[PDB]
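Q: in their complex positions, the first chains:
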Amino acid sequence: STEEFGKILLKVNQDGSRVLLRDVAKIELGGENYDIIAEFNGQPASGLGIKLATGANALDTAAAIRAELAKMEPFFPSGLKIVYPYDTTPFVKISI
Amino acid sequence: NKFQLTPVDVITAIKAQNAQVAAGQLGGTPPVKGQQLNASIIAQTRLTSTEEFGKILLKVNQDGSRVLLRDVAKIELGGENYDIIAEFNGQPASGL
Amino acid sequence: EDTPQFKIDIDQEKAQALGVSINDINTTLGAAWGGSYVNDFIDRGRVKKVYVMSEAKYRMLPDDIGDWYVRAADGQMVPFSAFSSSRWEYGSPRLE
């Protein structure tokens, strides 16, 4: 936790006062990086961009992805929802 | 010996002064909003020539005298190893 | 296309004179402006990373460089401005 990192002891002063990490830094949970920010129809979002392994079947793989997503849904925090902004596979199924 | 130096000192100076440093950015993410400038910071880069290696600074003497690598060594391009030497019909050659 | 980049030259002789190590210089510069992956921690049961980096407001402006201090062997704090010089140049943000 940030609380624990904040009390890391950097050193003790000559007069016995303590210098903690929180005395020289702000401490927070935050991204490994801050380069990528997505929106869905203008609202805050995240997502996974998935690429097909070489030679794999697109339709089979998409079905396995959905099957795995369905195993996750019941444990979502309140309000969390999967949306489907971009899928190349429906066209294959429908056109066939 | 004359300068009270060893190959350890030479190796240490070359690692310090023939270096390629990741130095980060000005205005990198996450930025202060309103930032206009984003630029890479370029610190040390690898040396590219015998001249540059020769002026690697090993130490300066009490009287401000400088000891450069070229003062304890000959500096030149030469083979990674010197074990293989080919000739084509008696004339100097290389090959694959 | 090439873009402006900030070139900083560390002065080896000055560093040696002041007793500031090149490793401390490079780590201070890199960690502050680039960030550094230190080690891992456990966030709600999952292993994740720990990053150190300057708070955004101290890595936005060229003048911020001289606000970073390194500790010399004799225990004195020495500002970057004392052992470096900098200039603008152009370089590539993407090499093919």
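A: In hand now; what should we look at? Numbers count the residues shown, from 1 in each chain, chains lettered A, B, ... in the order given.

Q: ok, residue 28 - contacts?
A: With no chain named, the answer covers chain A. Listed by C-beta atoms under 8 Å, 6 or more residues apart in numbering or on different chains, the contact set of residue A:28 reads residue A:2. (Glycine included, C-beta is placed from N, CA and C.)

Q: wait, I meant chain C there
A: Contacts of residue C:28 (C-beta under 8 Å, 6+ apart): C:68, C:70, C:80.

Q: name the SS class of it, please.
A: The three-state label given to residue C:28 by DSSP: H, G, I helix; E, B strand; the rest coil is helix.

Q: for chain B, what are the nearby residues on chain A?
A: By the rule C-beta under 8 Å from any C-beta of the partner chain, the part of chain A lying against chain B is A:30, A:33, A:34, A:35.

Q: go again with 6 Å.
A: A:34, A:35 (C-beta under 6 Å from any C-beta of the partner chain).

Q: find the closest residue to chain B in chain A.
A: Taking C-beta to the nearest C-beta as the measure, chain A has residue A:34 as its residue closest to chain B, at 3.9 Å.

Q: residue B:30 is in contact with that residue, correct?
A: Yes: checked against C-beta atoms under 6 Å, the pair residue A:34 and residue B:30 is within contact range at 3.9 Å.

Q: separation between the most centrally placed residue in chain B and chain A?
A: Centroid check for chain B by C-alpha atoms, centre = their mean gives residue B:18 as the closest residue, at 2.7 Å. For residue B:18, the distance to chain A (C-beta to the nearest C-beta, to the nearest Å) stands at 30 Å.

Q: what about stretch C:77-88, how long is it end to end?
A: 27 Å (C-alpha to C-alpha, to the nearest Å).

Q: quick one: buried residues of it?
A: C:78, C:80, C:82, C:83, C:84, C:86 (16 or more other C-beta atoms under 10 Å in any protein chain shown).

Q: and then chain D:
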Amino acid sequence: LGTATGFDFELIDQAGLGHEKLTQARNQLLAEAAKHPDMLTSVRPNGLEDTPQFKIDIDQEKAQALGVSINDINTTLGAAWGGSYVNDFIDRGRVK
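A: Placed with the earlier chains, chain D looks like this:
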């Protein structure tokens, strides 16, 4: 093939609940199973129960006050009580 009659079930922490809460849910599950002898028999965990362990806290402040490095402390403890693989030697022509 295990038993034709047997089943192999995994209870899963889907939300960073942690070991103790998983254990409680496991126990809750096992107690309910035990009330259906008509359908379920010998429903049991495959693994091991928690046991007493000796938690030792290093006082960072006192270590720093005494001039004792955490690294010497931690290798002294681990090497002595846990053992430490140092390096290899050659015993009658075989590396060990």
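
Q: can you check the contacts of residue C:28 again with chain D included?
A: C:68, C:70 (C-beta atoms under 6 Å, 6 or more residues apart in numbering or on different chains).

Q: residue closest to the middle of chain D?
A: Central residue of chain D (C-alpha atoms, centre = their mean): residue D:50, at 8.2 Å.

Q: give the contact list for the residue nearest to the centre of chain B.
A: residue B:47 are the contacts of residue B:18 under C-beta under 6 Å, 6+ apart.

Q: looks like residue C:51 contacts residue C:34 (just checking).
A: No: taking contacts as C-beta under 6 Å, residue C:51 lies outside contact range of residue C:34: 10.3 Å.

Q: show me which of these two is the more surrounded one.
A: Shown here are residue C:51 and residue C:34; by other C-beta atoms under 10 Å in any protein chain shown, residue C:34 has more neighbours (19 against 13).

Q: for that one, phi and psi?
A: phi -110, psi -30 (degrees, to the nearest 10).

Q: ok, now which ones touch it?
A: B:22, B:24.

Q: do stretch D:16-24 and chain A meet?
A: No: Stretch D:16-24 lies out of reach of chain A by C-beta under 6 Å from any C-beta, never closer than 10.0 Å.

Q: what residues of that stretch count as buried?
A: Buried-residue list, stretch D:16-24, by 16+ other C-beta under 10 Å: empty.

Q: tell me the gap between that stretch and the middle of its chain.
A: 14 Å (C-alpha atoms, centre = their mean, to the nearest Å).

Q: likewise stretch D:39-53?
A: For stretch D:39-53, the distance to the chain centre is 14 Å (C-alpha atoms, centre = their mean).

Q: residues of chain A that sit close to chain D?
A: A:9, A:12, A:75.

Q: returning to that earlier point: may I have the phi/psi pair for the residue nearest to the centre of chain D?
A: phi -60, psi 160.

Q: mind listing what the residue nearest to residue C:65 when sequence neighbours are not counted touches?
A: Closest residue to residue C:65 apart from its sequence neighbours, by C-beta to C-beta, 6 or more residues apart in numbering or on different chains: residue C:80 at 5.3 Å. Residue C:80 sits next to C:65, C:66, C:68 when contact means C-beta under 6 Å, 6+ apart.

Q: one more chain, chain E:
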Amino acid sequence: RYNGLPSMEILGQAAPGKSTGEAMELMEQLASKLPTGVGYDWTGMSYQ
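A: Adding chain E to what we have so far:
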């Protein structure tokens, strides 16, 4: 751990005269009443 998440494996068998399918269906029923955030899966012989 199971598929990358903390887990506890539970073994058992169908009572005499009962199918494993029946035993499994009950385990799932019971599993559905556990605390929020606790899931389950079938592995090994049961996975098949």
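
Q: re-run the earlier check on the contacts of residue C:28 with chain E in the model.
A: C:68, C:70 are the contacts of residue C:28 under C-beta under 6 Å, 6+ apart.

Q: again, but for the one 3 residues further on
A: Contacts for residue C:31 were tallied using C-beta under 6 Å, 6+ apart; they are residue C:52.

Q: could you measure from it over to residue A:90?
A: Relative to residue A:90, residue C:31 is positioned 47 Å away (C-beta to C-beta, to the nearest Å).

Q: which element is the closest residue to residue A:89 other than its chain neighbours on?
A: Sequence neighbours aside, residue A:62 is the residue nearest to residue A:89 in space, at 4.5 Å (criterion: C-beta to C-beta, 6+ apart). Remark: residue A:62 resides in helix A:58-72, with elements defined by DSSP states H and E.

Q: so which bits of that helix are buried?
A: For helix A:58-72, using 16+ other C-beta under 10 Å, the buried residues are residue A:62.

Q: gap between that helix and the chain center?
A: Per C-alpha atoms, centre = their mean, the centroid offset for helix A:58-72 relative to its chain is 19 Å.

Q: now stretch B:33-51
A: For stretch B:33-51, the distance to the chain centre is 17 Å (C-alpha atoms, centre = their mean).

Q: what lies in contact with it?
A: So stretch B:33-51 is contacted by B:18-21, B:23-27, B:53, B:75-76, C:4-8, C:33, C:60 (C-beta under 6 Å, 6+ apart).

Q: what residues sit buried inside it?
A: B:39, B:40, B:41, B:42, B:43, B:44, B:47.

Q: follow-up on the earlier one: how near is the residue nearest to the centre of chain D to chain A?
A: 23 Å.

Q: for residue D:42, same thing?
A: Counting by C-beta to the nearest C-beta - residue D:42 and chain A are separated by 28 Å.

Q: which helix or strand contains the residue in chain D that chain C sits nearest to?
A: Taking C-beta to the nearest C-beta as the measure, chain D has residue D:16 as its residue closest to chain C, at 3.6 Å. Assigned by DSSP H and E, residue D:16 falls within no helix or strand.
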